[PDB]
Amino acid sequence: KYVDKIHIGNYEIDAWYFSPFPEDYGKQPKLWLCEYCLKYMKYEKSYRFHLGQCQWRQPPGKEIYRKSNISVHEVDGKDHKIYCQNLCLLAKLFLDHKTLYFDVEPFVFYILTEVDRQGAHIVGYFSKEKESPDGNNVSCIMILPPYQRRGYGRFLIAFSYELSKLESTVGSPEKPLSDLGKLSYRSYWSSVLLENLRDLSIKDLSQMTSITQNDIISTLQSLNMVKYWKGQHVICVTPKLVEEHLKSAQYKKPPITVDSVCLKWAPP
């Protein structure tokens, strides 16, 4: 019997996938998680006692972004091992393809929180390899179900690329992407590219955005905005067709934007 249900903060969330919590934790009808330190517990009573005790009111690590009540914390896997393992076990409940939960030292974790008077409430996160051979600027990205499809995943995608800009490199999410992940990345790529084409080679779009040329090319193909000439992809779009795509229905929700001004981060 697996963990099939968690209580975190004020949310109950049904599990989507097996997550390797220890065998005695799985057997419980529900798992109780501290929304601040991510300690997981077997009983409501141990949960209630911890809430009276826990002094954390936000993630560990450094707050590398804060604009209004949106906050991102950078947490090194080697400096906060238990916390990051707890995060991974939490995320595996909603990630089918995630494989790594306890070997957290090679990763840095970017924790997205929504702040009120009580504290900084976890929304989701992405992990990133400290040294990515394959040039992946995201390893795993996960938004908790009650926050999904509300702008936070796009924010985190944009944030991963702002980091990639500050490192003077391009990056791509590690594959395979979840079903929701595929649509979010394609939607974000289109928006970023279409907005740059309204205001340029493919290599230029790559350097302005840190999106890989492959990701650019495939996004333009799905928009039917690239020509092929003797082995080379070439952008072929009119400023009118860009705008038709841009004012269409799906680009209408006002994003949470990443203000690079509010990003306090220097490249490793």
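Numbering starts at 1 and runs along the sequence shown.
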Requested in this report: Note how many residues of the deposited chain are left out of the model between residue 204 and residue 205; the options are none, 1 to 3, 4 to 9, and 10 or more.
Outcome: none
Query - Greater mean Cα temperature factor according to the PDB record, 168-176 or 73-81 - result: 168-176
Query raised in the report: Comparing 28-36 with 225-233, where is the mean C-alpha B-factor higher?
Result: 225-233
Report summary line: Comparing C-alpha B-factors across 145, 119, 153, 135 in this entry, the winner is 135
Report summary line: Here the Cα B-factor of residue 102, set against its chain, lands in the third termed highest
Query raised in the report: What third of its chain's C-alpha B-factors does residue 209 belong to: lowest, middle or highest?
Result: highest
Report task. Just say lowest, middle or highest third for the CA B-factor of residue 198 relative to the other modelled residues in its chain. Result -> highest
Query raised in the report: By the record's CA B-factor, is residue 48 among the lowest, middle or highest third of residues in the chain?
Result: lowest
Query - Chain third (lowest, middle, highest) by recorded CA B-factor, residue given as residue 240 - result: highest
